[PDB]
Amino acid sequence: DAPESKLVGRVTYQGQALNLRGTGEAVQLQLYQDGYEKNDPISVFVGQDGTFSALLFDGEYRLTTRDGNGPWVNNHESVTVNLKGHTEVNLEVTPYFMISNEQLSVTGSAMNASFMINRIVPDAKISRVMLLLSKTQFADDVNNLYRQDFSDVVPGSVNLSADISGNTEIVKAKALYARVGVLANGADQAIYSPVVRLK
Ligand SMILES: [Cl-]
Ligand SMILES: [Cl-]
Ligand SMILES: [Mg+2]
């Protein structure tokens, strides 16, 4: 009916893609269009690696975060998109925390996780830190085979060990993936490390 094109994008911080919950419509962005035709915003769901893709009608769009949704300041961050042919964009946000220098491993007895939690927003506080394992490439606070929360972690160097002994599902798993998550006080979603395949 009208020219259509693929829009590909990423949510980033200082140009680096964010690691998020990419399942269950956990993290969404909105695409707005201003014109005669009173077009409602289009919802786009962000993946685990912070990417999104949409087949849309060619035109001018305003890509923004959804109010109060995501592990970042509720600043209504936005970017103008001129969609004509295959187009790629990024959207800069301000995360509460960033996870870096991750070292994730499993023994027969424990999941060991060493990493750094960097505070980006000066008054942000950590609500919980999560150690996760999954049988699949998808791992998050809902989608996992094993989850252990830590509620007294502060920013800086972190060294955690979660007891996975006696967990038959981990022993049975043909493939095993690990991830860590950090949820800020007042946020609806955590920030994560990349998913690491352990077996
Ligand atoms: Cl062992
Ligand atoms: Cl569990
Ligand atoms: Mg901005």
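It should be noted that the structure appears before, not after, this text.
Residues numbered from 1 in each chain as written, not as in the entry; some residues may be left out. Chains lettered and ligands numbered in written order. Heavy atoms only, no water. Residues with missing side-chain atoms left out of burial classes, pairs and counts.

Student: Provide a residue-level description of the overall build of the chain, including the pertinent values.
Tutor: In terms of regular secondary structure, the chain is built from one helix and 16 strands. Expressed as lengths along the three principal axes of its C-alpha atoms, the size of the chain is roughly 60 × 40 × 25 Å. Here the analysis covers contacts within the chain between residues at least 6 apart in sequence; of these, 63% occur between residues at least 24 apart. (Helix = DSSP H or I, 4+ residues; strand = E, 2+ residues; numbered from the N terminus. Contact = heavy atoms within 4.5 Å.)

Student: Residues and numbers for the sheet that holds strand β10 (residues 110-119), please.
Tutor: The strand order across the open sheet built from three strands is β9-β10-β13, with neighbouring strands paired in antiparallel fashion. Looking at the sheet topology across the chains shown, the edges are occupied by β9 (97-106) and β13 (156-163). Taking the axes of each pair of neighbouring strands and ignoring which way they run, one obtains an average angle of 20° across the sheet. Alignment of β10 against β13, held across eight bridges, turns out to be antiparallel. Across the sheet, the residue bridging to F115 is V158, located in β13. (Pairing = 2+ DSSP bridges. Axes fitted to C-alpha atoms, helices over the stretch in contact; angles between N-to-C directions.)

Student: Just give me the short version of the sheet that holds strand β6 (residues 59-65), but keep the residues and values in it.
Tutor: Pairing is antiparallel across the open sheet formed by four strands, whose spatial order is β4-β3-β6-β7. Two strands close off the open sheet at either side, each with one partner strand: β4 (42-45) and β7 (78-83). Taking the axes of each pair of neighbouring strands and ignoring which way they run, one obtains an average angle of 30° across the sheet.

Student: So what about the layout of surface pockets? Which residues, and what values?
Tutor: Rolled over the atoms, a probe sized like a water molecule indicates the empty space that remains. In this structure, the largest pocket encloses a volume near 160 Å³. Lining the largest pocket, in full, are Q16, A17, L18, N19, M98, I99, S100, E102, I191, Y192, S193 and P194. Going through the elements one at a time, β2 (16-17), β9 and β15 (191-192) are the ones with two or more residues in the lining of the largest pocket. Residue contributions to the lining of the largest pocket peak at four residues, all from β9. When its residues are assigned to classes, the lining of the largest pocket shows seven nonpolar, four polar and one charged. (1 Å grid on protein atoms, 1.4 Å probe; cavity = no way out; pocket = protein on both sides within 12 Å on 5 of 7 lines; lining within 4 Å. Points joined across faces, edges and corners; volume = space filled by probe spheres on them. Nonpolar A, V, L, I, M, F, W, Y, C, P; charged D, E, K, R; others polar.)

Student: Could you give an account of the pattern of salt bridges, naming the residues involved and the relevant values?
Tutor: Counted under the stated rule, the structure contains five salt bridges. Its salt-bridge partner being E169, residue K135 comes within 3.9 Å of it at the nearest N-O pair. With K135 in the loop between β11 (126-134) and β12 (146-150) and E169 in helix α1 (residues 168-172), this pair connects stretches of sequence that are 34 residues apart. Between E169 and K172 there is a salt bridge, with its nearest N and O atoms 2.9 Å apart. (Salt bridge = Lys/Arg side-chain N within 4 Å of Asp/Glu carboxyl O.)

Student: Give a detailed account of the nonpolar core, specifying residues and quantitative values.
Tutor: If you look at the biggest cluster of nonpolar residues, it comprises 58 residues, and the most contacted ones within it are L18, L63, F115 and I117. For this core, the two domains that each supply at least three residues are domain 1 (1-94) and domain 2 (95-199). In this structure, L63 is in contact with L29, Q30, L31, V44, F52, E77, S78, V79, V81, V89 and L91, ignoring residues within four places of it in sequence. (Core = buried A, V, L, I, M, F, W, Y, C linked by side-chain atoms within 4.5 Å. Buried < 20%, exposed > 50% of the residue type's maximum accessible area, 1.4 Å probe, protein only. Domains from an automatic or database assignment.)

Student: A description of the environment of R179 should follow, citing residues and the corresponding values.
Tutor: Tracing the backbone shows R179 in strand β14 (residues 177-184). On the accessibility criterion, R179 (1% relative accessible area) is buried. As for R179 and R147, which are separated by 32 residues in sequence, their C-alpha atoms are 9.8 Å apart. A distance of 2.9 Å separates the side chain of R179 from the backbone oxygen of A139, its partner in a polar contact. (Polar contact = N/O pair within 3.5 Å; in protein donor to acceptor, adjacent residues only side chain to side chain.)

Student: How would you explain the side chain of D140 if you had to name every residue and give the values?
Tutor: Positionally, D140 belongs in the loop between β11 and β12. A distance of 2.7 Å separates a polar atom in the side chain of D140 from a polar atom in the side chain of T23. In this structure the side chain of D140 is engaged in a polar contact, spanning 3.0 Å, whose partner is the backbone nitrogen of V142. With residues up to four places along the chain from it excluded, the contact list for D140 reads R21, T23, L132, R179 and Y192.

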